[PDB]
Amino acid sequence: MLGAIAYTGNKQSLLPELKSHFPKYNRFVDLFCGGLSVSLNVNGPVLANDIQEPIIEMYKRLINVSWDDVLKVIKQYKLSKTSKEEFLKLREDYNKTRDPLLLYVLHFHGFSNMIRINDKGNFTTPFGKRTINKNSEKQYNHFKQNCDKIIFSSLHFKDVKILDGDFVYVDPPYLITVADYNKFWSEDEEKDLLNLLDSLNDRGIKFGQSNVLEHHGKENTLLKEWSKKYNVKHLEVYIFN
């Protein structure tokens, strides 16, 4: 259902389907949570993880923050649909101080609500000629009313203790797809992950996996094959074991 923040490639729509293919588990470990549309909406306990400390931090802070808190920032900087300088300044400040909340308030004003953090910790998204709508408070609330069951981590899937009896939903950057986070992926990672996956299968530990096998001419050769070894659903495919 509803995620925490607009996230490119959210699972606000497929989730239901996917949920029709999930098992039992002592702990849901979302290896790639990003938006959180998946974590917030799956019986816990949940280990929300994402290799981007910035956004995880923001989540960690969002924990003890009120809507009123957010507003006080908008009014503090005089943000709005047209406030361009302000946004810059707000961005300016977040870059220097790195206060999560700032980042949070930030994105709502970024070009297409997209959080884009470069390799120096700076927020580069341009002004979105926007502000907060009504999905803003609704999304926010969901998180609040469901963040309890979640345990965040800003680890790289590589080093993430997978404690037996836990389902591991994994929606990694689609190799054959565009998106800010594809700047983190490499063919190697693809390999690693898969191995790392076969490995979880070797411990009875079941998992879920979403991806694209072929999109816009290209196709994920190596993955297309690797999938055969397991079940695949077509809705975009969910390769689960």
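Numbers follow the displayed sequence, beginning with 1.
Comparing 216-224 with 9-17, the higher mean C-alpha B-factor in the PDB entry belongs to 216-224. On average the C-alpha atoms of 115-123 have higher B-factors than those of the other stretch, with 102-110 and 115-123 being the two compared. Highest C-alpha temperature factor among 26, 52, 66, 43 per the entry: 26. Of the residues listed, 154, 80, 76, 139, the entry assigns the biggest Cα temperature factor to 139. Residue-level temperature factors show residue 186 in the highest third of its chain, judged at the C-alpha atom. When the modelled residues of the chain are ordered by C-alpha B-factor, residue 57 sits in the lowest third. In the PDB entry, a CA B factor belonging to the highest third of its chain's modelled residues is recorded for residue 177.
Annotation for residue 204: CA B-factor lies in the highest third of the chain's modelled residues. Residue-level temperature factors show residue 170 in the middle third of its chain, judged at the C-alpha atom.
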